[PDB]
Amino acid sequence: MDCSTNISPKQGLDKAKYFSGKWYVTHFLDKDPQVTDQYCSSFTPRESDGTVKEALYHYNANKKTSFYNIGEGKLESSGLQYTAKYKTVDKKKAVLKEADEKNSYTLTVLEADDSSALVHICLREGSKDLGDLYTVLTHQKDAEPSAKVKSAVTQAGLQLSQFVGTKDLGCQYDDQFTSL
């Protein structure tokens, strides 16, 4: 699999709108999943002096378990785009597996407004692209994405209807973990 090539951050985006509150994924478009389980996800991104730190949560909707990470990266000169290396942690943020040099993800902000966002994520390990994901984000579980963000999907060359909507997955979140 190769990650999607025509991906760059939207210029003129206000980063105060992206690095704010917490995000819940309402819709995801996964190009070539290596597993068949469907996930829900929430995360809390913060930025300081061009360094991004984000608490990340995944819920396996099939098995009904969840895992936790902390991503850390630098902002590109391009705008709201960053490559993050990532710690694996328990629900209390104790560090399990250290962040290394060969596993990373690149996140690109395609749109962001007061309620909603669209982001693209390329997951890599070494020389291999492992995941290519577009996610629609909102600030509360099961809030409706904004008209501006639905527009950005169509502008990215995609069909929102082709995304998996997470409302139907029976998602469970851990809001204590994502606080901070």
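Note that residue numbering begins at 1 and tracks the sequence as displayed. Each form is matched to the other, and the largest set of C-alpha atoms that superpose within 1.5 Å is called the rigid core.
With 150-158 and 29-37 as candidates, the stretch whose CA atoms show the greater average offset from this form in 6 other deposited structures of this protein after a core fit is 29-37. Rigid core superposition in 6 other deposited structures of this protein puts the Cα atoms of one stretch, out of 119-127 and 50-58, farther from the shown form on average, and that stretch is 119-127. Averaged over Cα atoms, the B-factor as recorded in the entry is higher for 9-17 than for the other of 164-172 and 9-17. The stretch 29-37 shows the higher mean C-alpha B-factor when 108-116 is compared against 29-37 in the entry. For the set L137, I121, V153, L130, the PDB entry assigns the largest Cα B-factor to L130. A94: CA B factor in the middle third of modelled residues in this chain (values from the PDB entry).
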